[PDB]
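A structural walkthrough
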Amino acid sequence: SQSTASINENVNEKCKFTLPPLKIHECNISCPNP
Amino acid sequence: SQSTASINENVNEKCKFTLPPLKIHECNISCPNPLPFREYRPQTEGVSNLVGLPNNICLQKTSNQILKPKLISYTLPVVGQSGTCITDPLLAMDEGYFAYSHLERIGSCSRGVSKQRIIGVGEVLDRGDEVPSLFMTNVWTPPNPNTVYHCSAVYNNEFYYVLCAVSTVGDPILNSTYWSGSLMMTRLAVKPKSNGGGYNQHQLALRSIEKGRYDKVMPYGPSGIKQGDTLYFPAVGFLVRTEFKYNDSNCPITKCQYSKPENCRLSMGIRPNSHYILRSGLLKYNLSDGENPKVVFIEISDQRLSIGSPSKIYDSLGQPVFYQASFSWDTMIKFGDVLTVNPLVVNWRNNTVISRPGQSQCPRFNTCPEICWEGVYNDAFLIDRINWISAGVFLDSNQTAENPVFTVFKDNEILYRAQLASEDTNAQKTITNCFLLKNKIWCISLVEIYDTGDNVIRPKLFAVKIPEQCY
Amino acid sequence: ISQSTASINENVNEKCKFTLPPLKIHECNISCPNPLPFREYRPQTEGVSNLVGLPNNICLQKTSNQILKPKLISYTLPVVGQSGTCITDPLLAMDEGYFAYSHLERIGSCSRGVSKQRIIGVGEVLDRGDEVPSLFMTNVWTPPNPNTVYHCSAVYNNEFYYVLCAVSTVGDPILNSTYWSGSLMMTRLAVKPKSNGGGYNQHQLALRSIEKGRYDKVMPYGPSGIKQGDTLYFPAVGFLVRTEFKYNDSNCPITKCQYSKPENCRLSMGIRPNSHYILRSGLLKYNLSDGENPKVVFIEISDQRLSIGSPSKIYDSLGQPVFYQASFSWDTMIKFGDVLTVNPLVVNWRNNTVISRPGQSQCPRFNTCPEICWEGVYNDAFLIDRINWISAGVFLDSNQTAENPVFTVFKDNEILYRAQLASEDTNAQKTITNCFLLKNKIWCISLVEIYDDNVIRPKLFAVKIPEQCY
Amino acid sequence: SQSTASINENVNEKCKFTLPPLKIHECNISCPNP
Amino acid sequence: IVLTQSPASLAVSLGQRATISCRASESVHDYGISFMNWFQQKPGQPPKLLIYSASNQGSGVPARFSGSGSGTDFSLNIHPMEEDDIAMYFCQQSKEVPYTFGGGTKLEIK
Amino acid sequence: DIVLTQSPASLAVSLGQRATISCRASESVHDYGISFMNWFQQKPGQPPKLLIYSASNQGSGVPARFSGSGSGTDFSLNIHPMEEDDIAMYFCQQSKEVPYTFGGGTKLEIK
Amino acid sequence: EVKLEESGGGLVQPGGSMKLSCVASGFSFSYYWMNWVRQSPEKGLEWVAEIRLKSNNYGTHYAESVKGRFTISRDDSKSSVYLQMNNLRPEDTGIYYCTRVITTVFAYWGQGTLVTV
Amino acid sequence: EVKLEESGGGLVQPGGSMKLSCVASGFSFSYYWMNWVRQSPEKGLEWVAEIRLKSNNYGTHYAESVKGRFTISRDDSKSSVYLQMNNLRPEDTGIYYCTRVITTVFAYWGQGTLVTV
Ligand SMILES: *[C@@H]1O[C@H](CO[C@@H]2O[C@@H](C)[C@@H](O)[C@@H](O)[C@@H]2O)[C@@H](O[C@@H]2O[C@H](CO)[C@@H](O)[C@H](O)[C@H]2NC(C)=O)[C@H](O)[C@H]1NC(C)=O
Ligand SMILES: *[C@@H]1O[C@H](CO[C@@H]2O[C@@H](C)[C@@H](O)[C@@H](O)[C@@H]2O)[C@@H](O[C@@H]2O[C@H](CO)[C@@H](O)[C@H](O)[C@H]2NC(C)=O)[C@H](O)[C@H]1NC(C)=O
Ligand SMILES: *[C@@H]1O[C@H](CO)[C@@H](O[C@@H]2O[C@H](CO)[C@@H](O)[C@H](O)[C@H]2NC(C)=O)[C@H](O)[C@H]1NC(C)=O
Ligand SMILES: *[C@@H]1O[C@H](CO)[C@@H](O[C@@H]2O[C@H](CO)[C@@H](O)[C@H](O)[C@H]2NC(C)=O)[C@H](O)[C@H]1NC(C)=O
Ligand SMILES: *[C@@H]1O[C@H](CO)[C@@H](O[C@@H]2O[C@H](CO)[C@@H](O)[C@H](O)[C@H]2NC(C)=O)[C@H](O)[C@H]1NC(C)=O
Ligand SMILES: *[C@@H]1O[C@H](CO)[C@@H](O[C@@H]2O[C@H](CO)[C@@H](O)[C@H](O)[C@H]2NC(C)=O)[C@H](O)[C@H]1NC(C)=O
Ligand SMILES: *[C@@H]1O[C@H](CO)[C@@H](O[C@@H]2O[C@H](CO)[C@@H](O)[C@H](O)[C@H]2NC(C)=O)[C@H](O)[C@H]1NC(C)=O
Ligand SMILES: *[C@@H]1O[C@H](CO)[C@@H](O[C@@H]2O[C@H](CO)[C@@H](O)[C@H](O)[C@H]2NC(C)=O)[C@H](O)[C@H]1NC(C)=O
Ligand SMILES: *[C@@H]1O[C@H](CO)[C@@H](O[C@@H]2O[C@H](CO)[C@@H](O)[C@H](O)[C@H]2NC(C)=O)[C@H](O)[C@H]1NC(C)=O
Ligand SMILES: *[C@@H]1O[C@H](CO)[C@@H](O[C@@H]2O[C@H](CO)[C@@H](O)[C@H](O)[C@H]2NC(C)=O)[C@H](O)[C@H]1NC(C)=O
Ligand SMILES: *[C@@H]1O[C@H](CO)[C@@H](O[C@@H]2O[C@H](CO)[C@@H](O)[C@H](O)[C@H]2NC(C)=O)[C@H](O)[C@H]1NC(C)=O
Ligand SMILES: *[C@@H]1O[C@H](CO)[C@@H](O[C@@H]2O[C@H](CO)[C@@H](O)[C@H](O)[C@H]2NC(C)=O)[C@H](O)[C@H]1NC(C)=O
Ligand SMILES: *[C@@H]1O[C@H](CO)[C@@H](O[C@@H]2O[C@H](CO)[C@@H](O)[C@H](O)[C@H]2NC(C)=O)[C@H](O)[C@H]1NC(C)=O
Ligand SMILES: *[C@@H]1O[C@H](CO)[C@@H](O)[C@H](O)[C@H]1NC(C)=O
């Protein structure tokens, strides 16, 4: 049963999106982590 | 089987994504040093304050094209990028030095995305042909351009102190009920050294603020004055409307058909039913208080009381002169000699010829109480203290903000003027600072011209020589 | 089951691996309240750029209308000095929105004065807010000894401005060429300096290997050069031993001149009839990718209208290098034209019969007959249109003396229009012209030595070239 | 096997990477997919 | 970009003015420049550049010829007409590739 | 000390005519590009009123009728046309140096 | 509205002393230089004494003819200027005016107080 | 004197091929863009192809009617431009001109070579 539970966990812990670093012309945007 | 359903649901809820709205009032922005080196110049002469001399000027009325405005280089002469806009400028001058700042935005001008804020100082020098120009020597930038608002500057003892409001809720004027009330001060050297973090660009925390009965106070105006070791910045206090003690019987609703006695009170807020009411005044910062000096708010007296607005206090021809922008129903230029600095009492000039443009609600030359919040900051610098002649750039239209004109005037007369742009050119804020170059009076006027047609929208810097002969 | 489990685990992390580079907001679509016109983002065209690729509109007709209206921007360079000084040997180079400028400041009357400072610096050419292209100098280098740096020439390449100078402890290396060591030095200045850049901002490059071919010594000699990829070409002059010079006097243009000899056009190649060294123009090629401490290679100019090596300029205009050579010889018609080949250097000199320059007693303006002289000034020209071969520049509209600088636009056989920069009786000498686009319009900046203080001081005139003669 | 297929199909269908529009305060920034 | 010229054929008395118009389906303007060229072709000869960039005179082209226009509205103006102006005149768009020519206007003398 | 001489000692000008009063300084009052020469109009029973300052600046509450000019050591007050209310002692003042000095005054009357 | 009002005049015998006082209103007294000028038909107008600002360390200047006998002082909190005249001489007879100086110019004058010795 | 001289013309039946060659002289060939333009009674002047510089990686552009059939190339050392025309159709009949482009303008034209299909 743990193998199945692992799949569920693997998706949410491994596959996730956060916004990228951003730039405006030659100038860097650096934000706090969520 | 149920465990399969669980996995599919978890994938659809967590794998699929969108992102939160970005909040840059918390996020830092770091741009390349805007001025890694000072512009090379061979030790030329500077300018002095317009104090102590009975300079010759044309003080007669004339229709001649007597004024011949020059357009000079931008304070920070770098190439703007297509798509950017420079807004909310500051320009201050004292003893040959200037302080300057601007906010650089992407997209729209008034409501775009800020990428950086420039705050810096420099020298006002003869550029080489007996025309003054602004040479930047020291530029500081905050790490977060979306938290610095409404800066004002005062020069003192080779440092130029810049007092700014700090806000994580946006413009403190509009979101005043959620503003933290925090202020910060930056001390920039006007003669930088090769090193020394505490000398060239020192930041001060303002831990103690004496607001009196005001809930919040903030800098609100391009520049201030010094008196010895004490700095006085233009400022506005936020008083709870219900704590405002005002007699409606003192509202000048005479010679009016459409007025109400309440208009003078309601018009002092941004909105007729706003929480806070805005009062003009000064923020006093005494450099000899100790290791951690306090900021003290000085309210302006109620003679011709109106809404707190961008203001300026400057030293001209021996005495401080206070200017308050006409952002309410009284559209006549409101400025005059400061009789007392603390409390602040101003002998407002009874000027009937200079007035700001507005909406149809409070149009140029309106002197009747009405409820509105609108106007532009178009100051006037005193150039003759005997005839009380002042000069500055005013917009010349009734219900629009356009046609910037450099005008030299008396309380009840306009002596002469020149256009700085075409008749239909849009313009907003103007800042006029006059000084002596080789003992002649020059005025540098920063004008926010919005010539949509092309390039990059920037303020333009005009250098206008005040003529001696009316010919 | 466990194999299927593993398959799913791999499937999801392999399929949704989505890391990505930072977003470029400046190369994106931003929509705000009260927006500005979007137009099109096309960087590096928004400021000052070279005259390349566009059929710009300029007036191509002759007129007496005052359509050229020069703006004085002399305040942009450190040429203010003081009443006690004189400025000599000016240099001004421009390329892709950047410039290099140099001058030597001497105390007292400069001809016999004492050097105080040799200044070499770089910066940007831009609209600084006055709607006139101005020079913004930020990076300045000064040598430990101002009396050794001579005849500098600048070439822009990859955000650096390379300045090749002669080093001499015997004074002007042309006048004392028999005692000159032949040593050159290379200075590399960043056009956009960094704080605490160190060698990034100012670097000295040793030149320990010079390929002179048959020449004894070679020297940089001209305001500016060109770049072709990784290789810089500086204007230069080679010093050949006179007795080695191969020239047939029978090819001397003595035809229709009864006051000359077949020998004059050969003798005039030196700075006097018996000069040990004979001077010939060419280029110094410096290849930035040819290993470390790369060699300098001298390329001599071909023998077409051959004249004494003189300050020359090679510049990129409208897609092709154009070579200009000052006339210090008897052939006083303006000598410039397309470069057919860079190495060897072959120039298709234009048959220009309207532009010339003042001389003195021997080789006066419009002289085309061989004589013995070494006289004249550098009066440049810059190409602004290839279809009609329209060039612009400042020439001295005089005969016997160097005076009356006039900015003019011309064709090989016609002068189309002009503007006087200084009065007729105002003395002037060296003039350098660099044209470029600003806001898609053609502007030319002319650096002109004009006499004031009783000294010569450079002045800069920013001239817009008009679309129509109105 | 039906369940295994179901999960892989759901992942292949829903776990796509596109770049959503970026909102800053009140400005809409729409960039092309990386 | 489609170019239409008119009149397709002109008959012009000597000493008189003639105008050849050119209609662009799309603006040929960019970089402050209208990319409109004109060519003159005589029997037995290749096309000769007559005008370029709408108004630039052209190499070796006499004042007898002039051009004007912007955007999508262009014209070639010949005055006074001479016998040596019997030629086919072409309108060319050079803003972008593919480059295009108009149908060609034939101008004769009456 | 800089001393001033005014002349003529007295004037008689018909109404509608020009009245001119001159000053000469023993030393230039020019400095900073400014000529520090002032004029005052004193009517009987009243304090002096600033009439002209810095050689040519008209002053406050002064009509177009009054103008002045000069530089260095040579200055003048030009009243034109003269009116019946211009009957006064006109004093010429030097303000470049300490002590400050005045001329003896020129009394202007009418005929 | 700038008002300068002198007081303390009158008749004082030679060898005696007098103190004049000018009360100023309608302006920022502390920022302006104040001067005394005296008038006598025999001499016309002549400058007597000047008192500078606190920021100038209250520097004073006197006409040579009164130097050492007169003292000029200020009391900014009362908006006033004082002239202390000791060892008075008949030569000091005249009308003493209080003036305000704006950019070196004696723009404002009081009505004046008569001093007779 | 600038000259462009076309050759390689002649009569080729439909489905065949021809190679045109432009010899360039009098100018610095390696710095200029070269183009081919064809002329016919039916179409007047029709642009065929463009070849950019080495610095542009010899980029090419073709009219859609010839794109995929024609190839344009250069040899800078030989100062020449070639046009390889494959799969010729009756539509291609006309005069092919070699031109030199100066800042986007077809300033110089050769005499042209006749291609009959
Ligand atoms: C711009 O407005 C002025 C002022 O108009 C008056 O004051 C306004 C606040 C509002 O109350 C108006 O209705 C008033 O008329 C105009 O100048 C006035 O013109 C009238 C004649 O129409 C004249 O009687 C007034 O005395 C003038 N007042 C002044 C100060 O000049 C002016 O004409 C308007 N200009 C434009 C373009 O609208
Ligand atoms: C400047 O010189 C030109 C040219 O003079 C001729 O060529 C010289 C090289 C030299 O050989 C002179 O002695 C020659 O006279 C003068 O222009 C000429 O003027 C004459 C009329 O006297 C005319 O016949 C020529 O065709 C003109 N040639 C040209 C090229 O214009 C010019 O007048 C002189 N200017 C001054 C101020 O002296
Ligand atoms: C934005 O810049 C400021 C200034 O550098 C950062 O403030 C520092 O934060 C660290 C956190 O570990 C503290 O130790 C420092 O003392 C802070 N500096 C000062 C002057 O107070 C801030 O964290 C940055 N914000 C982001 C998102 O990077
Ligand atoms: C924005 O971030 C980039 C890196 O992603 C910075 O560029 C680097 O700067 C260091 C020196 O501090 C160099 O050693 C690296 O080689 C640079 N990398 C690249 C790709 O250029 C850049 O300087 C930052 N911008 C600002 C304003 O700080
Ligand atoms: C003043 O600032 C506060 C704090 O940021 C704003 O309150 C937020 O408003 C947004 C809606 O625009 C909500 O989604 C947030 O949850 C609110 N945050 C908090 C802490 O209340 C407020 O709207 C701003 N007011 C004005 C007029 O700008
Ligand atoms: C508001 O001002 C009015 C006018 O000054 C005040 O009314 C006067 O009050 C005094 C007594 O103090 C009476 O003698 C006057 O006759 C009144 N005048 C009028 C026109 O009524 C009024 O009391 C003030 N109100 C407040 C709250 O201050
Ligand atoms: C600024 O602060 C200084 C220091 O506290 C003030 O100077 C003191 O003033 C008190 C009251 O008159 C004196 O008793 C002290 O002896 C003064 N100290 C010194 C060192 O002078 C100064 O007055 C304050 N200035 C302002 C405008 O508030
Ligand atoms: C403008 O006019 C007002 C009157 O409407 C003047 O007000 C005076 O101000 C002084 C203080 O400076 C008071 O002592 C007076 O009592 C006020 N007078 C009145 C009638 O209220 C004002 O001074 C004038 N402005 C100028 C520069 O003179
Ligand atoms: C930025 O995008 C938002 C949507 O995410 C726009 O807001 C919508 O505007 C339409 C206008 O027809 C309304 O019907 C929607 O109800 C609005 N949506 C929301 C959530 O309010 C917004 O106007 C865009 N702003 C800019 C400057 O482009
Ligand atoms: C050319 O260079 C030579 C060598 O330096 C110069 O000749 C020297 O002049 C100094 C005086 O300044 C003498 O003391 C040396 O003995 C001389 N050496 C030789 C070899 O002659 C010469 O003067 C220079 N000529 C010019 C025009 O500068
Ligand atoms: C500058 O020097 C480089 C390096 O030698 C030259 O490039 C090489 O040239 C040789 C021929 O001598 C070729 O065999 C190499 O394959 C070339 N290198 C590369 C990467 O292609 C370069 O041509 C020289 N520049 C100039 C203008 O001559
Ligand atoms: C100026 O005229 C001369 C003729 O006097 C032209 O000379 C030709 O130059 C080319 C290029 O070097 C040679 O290949 C020819 O052989 C030369 N012809 C003759 C007759 O000598 C020169 O080209 C003309 N200048 C220009 C720009 O066209
Ligand atoms: C930015 O705006 C431009 C329009 O100004 C967009 O251009 C469109 O591009 C698509 C292809 O993806 C074409 O089918 C449309 O016809 C184009 N629009 C117009 C008016 O021509 C561009 O795609 C936008 N870019 C982003 C990232 O949103
Ligand atoms: C010089 O040129 C002439 C004329 O062509 C020729 O006869 C003679 O042999 C040549 N001499 C030399 C050394 O080349």
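Our subject is the structure that appears above.
Residues numbered from 1 in each chain as written, not as in the entry; some residues may be left out. Chains lettered and ligands numbered in written order. Heavy atoms only, no water. Residues with missing side-chain atoms left out of burial classes, pairs and counts.

**Things to note about the overall build of chain G**
Check the secondary structure of chain G and you find zero helices and eleven strands. Shown N-terminal to C-terminal, the secondary structure of chain G runs as helices and strands in the order β-β-β-β-β-β-β-β-β-β-β. Against the globule reference of 13 Å for 117 residues, chain G gives a C-alpha radius of gyration of 13 Å, in line with a compact fold. Projected onto the principal axes, the alpha-carbon positions of chain G cover approximately 35 × 30 × 25 Å. Taking as baseline every contact in chain G between residues at least 6 positions apart, the subset at least 24 positions apart corresponds to 50%. (Helix = DSSP H or I, 4+ residues; strand = E, 2+ residues; numbered from the N terminus. Rg over C-alpha atoms; globule rule 2.2 N^0.38 Å. Contact = heavy atoms within 4.5 Å.)

**Describing the interface of chain C and chain B**
Tallying the contact residues gives 28 residues for chain C and 34 residues for chain B. Broken down by secondary-structure element, the contributors of at least two residues to the side of chain C that touches chain B are β7 (114–127) and β8 (133–141) of chain C. Looking at side-chain class alone, the side of chain C that touches chain B contains 15 nonpolar, seven polar and six charged residues. (Nonpolar A, V, L, I, M, F, W, Y, C, P; charged D, E, K, R; others polar.)

**A word on the pairing of strand β26 (residues 427–437) of chain B**
Residues and elements named next belong to chain B. As paired elements, strand β2 (residues 48–49) and β26 share two bridges and run antiparallel to each other. The residue of β26 that forms the bridge with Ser48 is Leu436. For β26 and strand β27 (residues 440–449), the ladder comprises nine bridges, and the chain directions are antiparallel. Bridged to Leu437 within β27 is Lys440. The turn linking β26 back onto β27 is made up of two residues, and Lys438 within it adopts a positive phi angle of 55 degrees. (Pairing = 2+ DSSP bridges.)

**Brief notes about the pairing of strand β10 (residues 160–167) of chain C**
All names here are of chain C. As paired elements, strand β9 (residues 149–157) and β10 share seven bridges and run antiparallel to each other. Bridge pairing in β10 places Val149 opposite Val167. The turn joining β9 and β10, which pair antiparallel and follow one another in sequence, is formed by two residues; a positive phi near 50 degrees is taken by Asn158. Pairing of β10 with strand β11 (residues 184–190) involves seven bridges; the strand directions are antiparallel. The residue bridging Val163 from the neighbouring strand is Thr187, located in β11.

**Some thoughts on the pattern of salt bridges**
B:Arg41 serves as the salt-bridge partner of B:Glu39, at 3.1 Å between the closest nitrogen and oxygen. For G:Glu50, the salt bridge goes to G:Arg52, with nearest N and O atoms at 2.8 Å. (Salt bridge = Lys/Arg side-chain N within 4 Å of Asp/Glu carboxyl O.)

**Quick notes on the interface of chain H and chain E**
Interface size is commonly expressed as the accessible surface area that is lost when the partners come together. Chain H puts 18 residues into the contact, and the matching count from chain E is 16 residues. Only β4 (33–40), β5 (44–51) and β10 (105–109) of chain H provide two or more residues apiece to the side of chain H that touches chain E. Of the residues in the side of chain H that touches chain E, the class split is eight nonpolar, seven polar and three charged.

**A few points about unusual backbone geometry**
Here the bond from E:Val97 into E:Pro98 is cis, since omega is 5 degrees, no more than 30 degrees from zero. With respect to the helices, strands and loops of the structure, E:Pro98 is situated in the loop between β10 (87–93) and β11 (100–101). Omega for the bond connecting F:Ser7 with F:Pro8 falls within 30 degrees of zero, at -5 degrees, which places this linkage in the cis form. Tracing the backbone through its elements, the reader meets F:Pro8 in the loop between β1 (4–7) and β2 (10–13). Notably, C:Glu96 is not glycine yet its phi reads approximately 50 degrees, a positive angle. Looking at the secondary structure, you find C:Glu96 in the loop between β5 (85–95) and β6 (98–107). Positive phi is not limited to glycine here, since C:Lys439 has a value of about 55 degrees. Its place among the elements puts C:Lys439 in the loop between β27 (428–438) and β28 (441–451).

**Things to note about the sheet that holds strand β6 (residues 113–126) of chain B**
All names here are of chain B. One open sheet holds the four strands; their spatial order is β4-β5-β6-β7, and the pairing between them is antiparallel. Only two strands of the sheet have a single partner each, and these edge strands are β4 (84–94) and β7 (132–140). With strand direction ignored, the average angle separating the axes of adjacent strands in the sheet is 30 degrees. As paired elements, β6 and β7 share eight bridges and run antiparallel to each other. (Axes fitted to C-alpha atoms, helices over the stretch in contact; angles between N-to-C directions.)

**Re the side chain of B:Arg385**
With respect to the secondary-structure elements, B:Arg385 resides in the loop between β22 (381–384) and β23 (389–395). A distance of 3.2 Å separates the side chain of B:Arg385 from the backbone oxygen of B:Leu317, its partner in a polar contact. In terms of polar contacts, B:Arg385 uses its side chain to reach the side chain of B:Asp337, at 2.8 Å. Among residues more than four places away in sequence, those in contact with B:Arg385 are B:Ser316, B:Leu317, B:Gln319, B:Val321, B:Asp337, G:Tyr32 and G:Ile102. (Polar contact = N/O pair within 3.5 Å; in protein donor to acceptor, adjacent residues only side chain to side chain.)

**Considerations on the state of the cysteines**
Covalently, B:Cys151 is tied to B:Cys164 through a disulfide, its sulfur atoms 2.0 Å apart. Between B:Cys151 and B:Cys164, the S-S torsion sits near 110 degrees, and that sign places the bridge as right-handed. In this pair, B:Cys151 is assigned in strand β8 (residues 148–156) and B:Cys164 in strand β9 (residues 159–166), connecting sequence segments 13 residues apart. Here F:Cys23 is linked by a disulfide to F:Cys92, with a sulfur-sulfur distance of 2.0 Å. Residue F:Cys23 is found in strand β3 (residues 19–25), and its partner F:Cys92 is found in strand β10 (residues 88–94); the two are separated by 69 residues along the sequence. (Disulfide = S-S within 2.5 Å.)

**Digging into the environment of G:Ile72**
Residues and elements named next belong to chain G. Here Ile72 shows up in strand β7 (residues 70–75). Distance in space between the C-alpha atoms of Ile72 and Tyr58 is 9.5 Å, their sequence separation being 14 residues. Residues in contact with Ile72, not counting those within four places in the same chain, are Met34, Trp36, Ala49, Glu50, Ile51, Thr60, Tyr62, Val81, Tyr82 and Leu83.

**Concerning the arrangement of the chains**
Here eleven pairs of chains are in contact, and chains B and C lead that list by number of contacts. Spatially, chain A is disjoint from chain F: no contact exists, and the shortest C-alpha separation is 49 Å.

**Remarks on the packing of aromatic side chains**
Taken together, a centroid distance of 5.8 Å and an interplanar angle of 10 degrees make the contact between C:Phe245 and C:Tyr247 stacked. An aromatic cluster is built from E:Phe39, E:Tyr99, E:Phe101, H:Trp47, H:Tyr97, H:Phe106 and H:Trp109, whose rings are joined through pairwise contacts. The aromatic ring of B:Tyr199 is capped on one face by B:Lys193, whose charged end is 4.6 Å from the ring centroid. For G:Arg52, the ring lying beneath its charged end belongs to G:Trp33, and the centroid distance is 4.0 Å. (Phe/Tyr/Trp six-rings, centres within 6.5 Å; stacked < 30°, edge-to-face > 60°. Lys NZ or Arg CZ within 6 Å of the ring centre and 35° of its normal.)

**Considering the sheet that holds strand β3 (residues 18–25) of chain G**
The strands making up a sheet associate through backbone hydrogen bonding, with each pair oriented either parallel or antiparallel. All names here are of chain G. In spatial order, the strands read β1-β3-β8-β7; together these four strands make up an open sheet with antiparallel pairing. Because the sheet does not close on itself, it has two edges, and the strands there are β1 (3–7) and β7. Sheet twist, expressed as the average angle between the axes of neighbouring strands with direction ignored, equals 15 degrees.

**Structural notes on the side chain of C:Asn352**
Residues and elements named next belong to chain C. You can see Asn352 is positioned in the loop between β22 (346–349) and β23 (382–385). Here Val354 takes part through its backbone nitrogen, which lies 2.9 Å from a polar atom of the side chain of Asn352. The contacts of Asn352, once residues within four sequence positions are left out, are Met333, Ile334, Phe336, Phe410, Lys411 and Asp412.

Limitation: the analysis is restricted to geometry and does not speak to function.
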